[PDB]
Amino acid sequence: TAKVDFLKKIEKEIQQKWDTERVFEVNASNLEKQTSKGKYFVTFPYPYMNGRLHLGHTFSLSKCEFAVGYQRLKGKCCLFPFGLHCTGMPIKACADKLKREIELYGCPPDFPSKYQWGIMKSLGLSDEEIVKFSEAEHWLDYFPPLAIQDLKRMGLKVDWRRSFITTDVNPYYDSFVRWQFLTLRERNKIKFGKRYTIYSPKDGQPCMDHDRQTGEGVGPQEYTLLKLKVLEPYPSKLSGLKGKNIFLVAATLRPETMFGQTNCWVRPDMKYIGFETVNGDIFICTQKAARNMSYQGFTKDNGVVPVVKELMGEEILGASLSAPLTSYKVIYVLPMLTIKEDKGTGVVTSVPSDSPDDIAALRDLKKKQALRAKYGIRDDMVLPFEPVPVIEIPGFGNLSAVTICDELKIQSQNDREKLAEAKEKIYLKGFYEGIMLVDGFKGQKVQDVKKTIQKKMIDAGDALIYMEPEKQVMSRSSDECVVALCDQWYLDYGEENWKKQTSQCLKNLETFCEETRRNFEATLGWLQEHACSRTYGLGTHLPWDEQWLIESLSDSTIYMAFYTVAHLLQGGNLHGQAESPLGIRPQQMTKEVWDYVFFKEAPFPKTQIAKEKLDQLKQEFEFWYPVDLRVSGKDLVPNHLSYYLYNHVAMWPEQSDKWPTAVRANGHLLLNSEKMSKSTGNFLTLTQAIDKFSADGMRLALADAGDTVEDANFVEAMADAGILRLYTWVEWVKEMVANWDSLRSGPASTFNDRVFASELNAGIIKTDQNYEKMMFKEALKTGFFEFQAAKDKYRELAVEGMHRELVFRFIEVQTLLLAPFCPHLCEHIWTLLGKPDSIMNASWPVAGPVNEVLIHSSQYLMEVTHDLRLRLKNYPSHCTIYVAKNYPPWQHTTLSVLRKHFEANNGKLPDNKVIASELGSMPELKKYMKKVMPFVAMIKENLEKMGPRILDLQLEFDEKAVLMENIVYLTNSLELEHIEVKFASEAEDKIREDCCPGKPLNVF
Ligand SMILES: CC(C)C[C@H](N)C(=O)NS(=O)(=O)OC[C@H]1O[C@@H](n2cnc3c(N)ncnc32)[C@H](O)[C@@H]1O
Ligand SMILES: CC(C)C[C@H](N)C(=O)O
């Protein structure tokens, strides 16, 4: 239980030595006279500053910590910088929950954990310090220094000096941002206009992906909205807007179908509003509908619902309606008991002919009289209205809905699953196949005339556009967002000649699997304009309409260029207030200066900055770009990373090269197979993990988390079997330096040594491939779990004791396979082996030629040892083992025949049917067609397990002799007395006939 502490200690001292010799500070002025193999540059999406760093953070970024640990050995020079996001809508939303909690309940509060106060005392804060966190700017004081201490404490390979904060509190970053956005307005990628977006009324601004708590992908979804005029007489409750004209307002998606209205659906129990539009009319719907319309300019005042009256639907029942389009000049409001209150307007269009719900429920009101009677509806309001043909889908004729409803045997509006199957297999056809019937459009496929039917209804004033968030959107601040129609500066991602270009960048980008790339391709063709113009929350100010601020997904996109110069500008002061190393004033970074630094061919600008500094920066940036690698969750694919090509494409539109190169999406970290939830008692800040399991102890489990795009897992129990094998290895290397002698002076020629060194070399290679494929689970598997396999194997098979020079080799090479993973343990180990330098300077271990047939021989060996420890738990002293020289007769036939079926079609043995068929057809297998089809099966098994080598008429290595090279170990672990190995020709009938090479038999 104190072995964990054995790890923590050497960590703290190794970290001390590291940043006092400043091992991780790289400069590009130094490393441009010496091209290693090039540069290596990785970034992590700088995280939000509304908290310590949690674990899911650390697993998403482990990925680049290991990339550079590895690529530094491989010899590249590493730049791993770290920025800190605050330009958020997160930091302020939190500060405001805390503000309104202090002011509702006191300091110390008193409530009727789950309140933000209780989360802030969960960080050990005195009372009067949690109070100072109410305006957002105490966060920018507090959390960034904590991220930098939490990162140096995990031991990451990071140039402090290039780090920074992101709101206008940091001047330099702000000047950078303004430069970007001047160039963007300049090149016609930022526009202004009245557009649609998701929008939070409490926020007073657009609510885009990173400002949300729910529905991070949703956007505006359109509807047609129909006006139904209520006709005199009004029902008993519409009485006092004696003046105005009164409208039922209903949401639909199939405007072409509106010819077949027979009525109108409301739910007797639902709460409906009536309110005064902009032109003095009374619209009737749900409060949520109205609020959505208000923000889209339906109301006199934006977002204010002038509520004229309130009521359940039950009072509306029986109102007469003039409806658009339908040749029923008078229809009625009827009760549909099952209306979802979320989507739409609480009023639905009854097209019995093409919605199944509708023909169902209309049947129901016709069917039994008490369904009318309870809602007091007259019969003239229901019975005289039969369904109506408008779409003729080919499969089904005029009346598609009622047709497919009578064949699924429907009887009420609640058979909801049968109904929904119907709506699938009718609606989707209706779009493509369907063909219109009504005059004018007599016979066009609806896919075409849908839009123009709709326009026709708008201009005769009968219908209006209505938007709605698709699935619901929560905001950070907890206000249920709506679409709004508003003034906005925005990014023009729907342009043709920009989407073209960035999707080219996508083709050239490297995603590490096919699915991550289909996500990019998905959102590219989906992405249109993106509203970046905000008005509340921390950040940076739009330099020409300064009431606007830049939202977080839009000032985040090309930030990595700055990462290359921060150390020469802020020098590492996070707020950049400390003077600049280069001496350059923030007030001196005008566009033309940035322009110079970044665009290769810009002109030196009329600036007071001596030419040498500007060259230092231009140089640095040009050395480190492009971005070699960005790492992240599967979540930033549909927003930040799409916007990240798009922007790089538009910034250096010319340099194909300055674009990003590669991008690797892991999933969301789980905890012990559990959604990692602060409420479920199932959670771990990094500050916390690093003291529970050592930082090496942690990183180890974080390699084994996952490399699927699919959500990876973190199991604490395995973090512990990890601290285990680490302390046994360190005690093991203590053990080997203490016994330099009871190892073997002289030549390492024994059979097992060749085997073990050819194995250690195959491990160095598999680990190299797994590191460069960035599969840190398998890089672990090969590089360590099996390195220890092959070490213990040669611990056991070497009865002669193990060879000194080979031991210290394995020590070094293991320790180097591990450095990217646990650099503190390895640093300790490497100074144990007394080497003079820091292990960060080591070259990747070189691999020696790999003896294949050897390793097959030792595999064969090990396998029959397993087999014979099995057959032994039964009943002895003597053993005798038999091994057949040639395959027996029936088997050299069945395997000269699987040789012929393998040789004739590039390796595809036909099915079980062609094989057993042509083996019953050879007479020499008649007594043995009971043993001729298990055998081929076992063959196909290993023909799928260790190569086609099992199809040779003769092995690659003397069986009998390989046996004989290791027999001592066998009698000693098997604890017998003597074992004969006869060549299976002197054995009995059963043994000489059922024994094949590769699977010997034996007796006691
Ligand atoms: C650049 C700007 C637009 C973004 C801003 N800096 C920001 O998003 N900060 S953050 O706090 O949510 O993102 C930090 C990183 O960590 C990854 N990640 C997050 N959660 C998890 C998780 N549960 N499991 C695994 N990985 C996670 C995530 O992909 C992201 O790259
Ligand atoms: C009854 C419905 C099919 C009417 C409209 N097309 C909708 O989907 O809401």
# chains A, B, ... in the order shown; residues from 1 in each chain; ligands from 1
>>> closest_atom_pairs(of="chain A", to="ligand 2", cutoff="10 Å", atoms="only C-alpha atoms and all ligand atoms", output="CSV")
residue,atom,partner,partner_atom_place_in_ligand_line,distance
A:223,CA,ligand 2,9 (O),8.8
A:224,CA,ligand 2,5 (C),9.0
A:250,CA,ligand 2,9 (O),8.7
A:251,CA,ligand 2,9 (O),6.2
A:252,CA,ligand 2,5 (C),3.9
A:253,CA,ligand 2,6 (N),4.3
A:254,CA,ligand 2,6 (N),4.4
A:255,CA,ligand 2,6 (N),7.2
A:256,CA,ligand 2,6 (N),9.1
A:257,CA,ligand 2,6 (N),7.5
A:258,CA,ligand 2,6 (N),8.6
A:261,CA,ligand 2,4 (C),9.7
A:264,CA,ligand 2,1 (C),9.4
A:265,CA,ligand 2,1 (C),8.8
A:343,CA,ligand 2,9 (O),9.0
A:344,CA,ligand 2,9 (O),7.6
A:345,CA,ligand 2,9 (O),9.7
A:347,CA,ligand 2,9 (O),9.1
A:348,CA,ligand 2,1 (C),6.0
A:349,CA,ligand 2,4 (C),5.0
A:350,CA,ligand 2,1 (C),5.5
A:351,CA,ligand 2,1 (C),6.0
A:352,CA,ligand 2,1 (C),7.9
A:353,CA,ligand 2,3 (C),9.7
A:354,CA,ligand 2,3 (C),7.1
A:355,CA,ligand 2,3 (C),4.5
A:356,CA,ligand 2,3 (C),7.5
A:357,CA,ligand 2,1 (C),6.4
A:358,CA,ligand 2,1 (C),5.8
A:359,CA,ligand 2,1 (C),9.2
A:401,CA,ligand 2,3 (C),10.0
A:423,CA,ligand 2,3 (C),8.2
A:427,CA,ligand 2,3 (C),8.3
>>> residues_near_ligand(ligand="ligand 1", cutoff="8 Å", atoms="only C-alpha atoms and all ligand atoms", output="JSON, numbers by chain")
{"A": [44, 45, 46, 47, 48, 49, 50, 53, 55, 56, 57, 58, 59, 60, 61, 84, 85, 210, 552, 553, 554, 556, 557, 631, 632, 633, 634, 635, 636, 640, 665, 666, 667, 668, 669, 670, 676, 711]}
>>> atom_distance(atom1="CA of residue 428 (chain A)", atom2="CA of residue 260 (chain A)")
18.3 Å
>>> residues_around(residues="residue 769 (chain A)", least_positions_apart="2", cutoff="12 Å", atoms="only C-alpha atoms", output="list in words")
residues 70, 74, 762, 763, 764, 765, 766, 767, 771, 772, 773, 774, 775, 776, 778, 779, 780, 782, 783 and 817 of chain A
>>> write_last_selection(atoms="N, CA, C and O atoms", output="PDB file, in the first residue's frame")
ATOM      1  N   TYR A  70       7.140   8.981 -27.824  1.00  0.00           N
ATOM      2  CA  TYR A  70       7.582   8.045 -28.842  1.00  0.00           C
ATOM      3  C   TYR A  70       8.408   8.745 -29.906  1.00  0.00           C
ATOM      4  O   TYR A  70       9.517   8.318 -30.236  1.00  0.00           O
ATOM      5  N   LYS A  74      12.184   8.078 -31.668  1.00  0.00           N
ATOM      6  CA  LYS A  74      12.271   8.012 -33.115  1.00  0.00           C
ATOM      7  C   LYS A  74      13.065   9.157 -33.675  1.00  0.00           C
ATOM      8  O   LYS A  74      13.397   9.156 -34.859  1.00  0.00           O
ATOM      9  N   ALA A 762      11.621  -9.185 -32.221  1.00  0.00           N
ATOM     10  CA  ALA A 762      10.271  -9.091 -32.770  1.00  0.00           C
ATOM     11  C   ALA A 762       9.382  -8.174 -31.934  1.00  0.00           C
ATOM     12  O   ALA A 762       8.501  -7.495 -32.478  1.00  0.00           O
ATOM     13  N   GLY A 763       9.588  -8.146 -30.613  1.00  0.00           N
ATOM     14  CA  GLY A 763       8.861  -7.206 -29.767  1.00  0.00           C
ATOM     15  C   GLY A 763       9.218  -5.752 -30.029  1.00  0.00           C
ATOM     16  O   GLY A 763       8.333  -4.893 -30.104  1.00  0.00           O
ATOM     17  N   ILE A 764      10.518  -5.445 -30.148  1.00  0.00           N
ATOM     18  CA  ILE A 764      10.895  -4.071 -30.484  1.00  0.00           C
ATOM     19  C   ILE A 764      10.193  -3.640 -31.758  1.00  0.00           C
ATOM     20  O   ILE A 764       9.696  -2.516 -31.872  1.00  0.00           O
ATOM     21  N   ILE A 765      10.069  -4.555 -32.709  1.00  0.00           N
ATOM     22  CA  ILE A 765       9.474  -4.189 -33.994  1.00  0.00           C
ATOM     23  C   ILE A 765       7.960  -3.985 -33.891  1.00  0.00           C
ATOM     24  O   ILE A 765       7.423  -2.997 -34.412  1.00  0.00           O
ATOM     25  N   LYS A 766       7.238  -4.960 -33.317  1.00  0.00           N
ATOM     26  CA  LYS A 766       5.785  -4.818 -33.172  1.00  0.00           C
ATOM     27  C   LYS A 766       5.440  -3.575 -32.378  1.00  0.00           C
ATOM     28  O   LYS A 766       4.446  -2.897 -32.663  1.00  0.00           O
ATOM     29  N   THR A 767       6.248  -3.269 -31.371  1.00  0.00           N
ATOM     30  CA  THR A 767       6.016  -2.082 -30.581  1.00  0.00           C
ATOM     31  C   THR A 767       6.255  -0.828 -31.412  1.00  0.00           C
ATOM     32  O   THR A 767       5.522   0.149 -31.265  1.00  0.00           O
ATOM     33  N   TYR A 771       3.327   1.797 -32.015  1.00  0.00           N
ATOM     34  CA  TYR A 771       3.487   3.218 -31.699  1.00  0.00           C
ATOM     35  C   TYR A 771       3.202   4.079 -32.901  1.00  0.00           C
ATOM     36  O   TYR A 771       2.527   5.105 -32.793  1.00  0.00           O
ATOM     37  N   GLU A 772       3.696   3.683 -34.059  1.00  0.00           N
ATOM     38  CA  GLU A 772       3.456   4.563 -35.180  1.00  0.00           C
ATOM     39  C   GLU A 772       2.092   4.375 -35.811  1.00  0.00           C
ATOM     40  O   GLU A 772       1.671   5.226 -36.589  1.00  0.00           O
ATOM     41  N   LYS A 773       1.370   3.342 -35.455  1.00  0.00           N
ATOM     42  CA  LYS A 773      -0.034   3.310 -35.804  1.00  0.00           C
ATOM     43  C   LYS A 773      -0.896   3.967 -34.722  1.00  0.00           C
ATOM     44  O   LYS A 773      -2.114   4.094 -34.897  1.00  0.00           O
ATOM     45  N   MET A 774      -0.284   4.401 -33.617  1.00  0.00           N
ATOM     46  CA  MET A 774      -0.977   5.070 -32.501  1.00  0.00           C
ATOM     47  C   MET A 774      -2.121   4.241 -31.968  1.00  0.00           C
ATOM     48  O   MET A 774      -3.274   4.671 -31.939  1.00  0.00           O
ATOM     49  N   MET A 775      -1.767   3.050 -31.513  1.00  0.00           N
ATOM     50  CA  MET A 775      -2.692   2.070 -30.976  1.00  0.00           C
ATOM     51  C   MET A 775      -2.211   1.667 -29.599  1.00  0.00           C
ATOM     52  O   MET A 775      -1.754   0.550 -29.375  1.00  0.00           O
ATOM     53  N   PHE A 776      -2.329   2.587 -28.666  1.00  0.00           N
ATOM     54  CA  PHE A 776      -1.490   2.475 -27.499  1.00  0.00           C
ATOM     55  C   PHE A 776      -1.867   1.281 -26.655  1.00  0.00           C
ATOM     56  O   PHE A 776      -1.074   0.860 -25.814  1.00  0.00           O
ATOM     57  N   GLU A 778      -2.351  -1.928 -28.037  1.00  0.00           N
ATOM     58  CA  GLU A 778      -1.441  -2.919 -28.605  1.00  0.00           C
ATOM     59  C   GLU A 778       0.015  -2.540 -28.426  1.00  0.00           C
ATOM     60  O   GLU A 778       0.860  -3.424 -28.244  1.00  0.00           O
ATOM     61  N   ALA A 779       0.355  -1.257 -28.517  1.00  0.00           N
ATOM     62  CA  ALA A 779       1.737  -0.899 -28.230  1.00  0.00           C
ATOM     63  C   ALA A 779       2.106  -1.332 -26.836  1.00  0.00           C
ATOM     64  O   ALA A 779       3.214  -1.814 -26.624  1.00  0.00           O
ATOM     65  N   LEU A 780       1.171  -1.217 -25.896  1.00  0.00           N
ATOM     66  CA  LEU A 780       1.367  -1.789 -24.573  1.00  0.00           C
ATOM     67  C   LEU A 780       1.527  -3.298 -24.644  1.00  0.00           C
ATOM     68  O   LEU A 780       2.471  -3.863 -24.078  1.00  0.00           O
ATOM     69  N   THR A 782       2.260  -5.632 -27.011  1.00  0.00           N
ATOM     70  CA  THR A 782       3.569  -6.046 -27.493  1.00  0.00           C
ATOM     71  C   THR A 782       4.680  -5.510 -26.591  1.00  0.00           C
ATOM     72  O   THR A 782       5.440  -6.279 -25.990  1.00  0.00           O
ATOM     73  N   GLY A 783       4.766  -4.192 -26.452  1.00  0.00           N
ATOM     74  CA  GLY A 783       5.898  -3.567 -25.791  1.00  0.00           C
ATOM     75  C   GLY A 783       6.119  -3.949 -24.338  1.00  0.00           C
ATOM     76  O   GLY A 783       7.202  -3.676 -23.811  1.00  0.00           O
ATOM     77  N   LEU A 817      11.058   0.810 -24.500  1.00  0.00           N
ATOM     78  CA  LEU A 817       9.687   0.573 -24.938  1.00  0.00           C
ATOM     79  C   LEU A 817       8.683   1.237 -24.006  1.00  0.00           C
ATOM     80  O   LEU A 817       7.539   1.485 -24.395  1.00  0.00           O
TER      81      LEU A 817
END
>>> closest_residue(among="A:629, A:840, A:486, A:868", to="residue 820 (chain A)", atoms="only C-alpha atoms")
A:840
>>> atom_distance(atom1="CA of residue 297 (chain A)", atom2="CA of residue 280 (chain A)")
13.1 Å
>>> residues_around(residues="residue 659 (chain A)", least_positions_apart="5", cutoff="9 Å", atoms="only C-alpha atoms", output="number ranges by chain")
A: 505, 509, 625-627, 645, 648-649, 652-653
>>> atom_distance(atom1="CA of residue 562 (chain A)", atom2="CA of residue 586 (chain A)")
13.7 Å
>>> select_by_dssp(residues="region 502-587 of chain A", states="helix (DSSP H, G or I)", output="PyMOL selection string")
chain A and resi 502-508+514-526+560-563+566-569+586-587
>>> residues_around(residues="residue 548 (chain A)", least_positions_apart="6", cutoff="10 Å", atoms="only C-alpha atoms", output="PyMOL selection string")
chain A and resi 205+488-489+532-536+540-542
>>> closest_residue(among="A:623, A:164, A:82, A:172", to="residue 588 (chain A)", atoms="only C-alpha atoms")
A:172
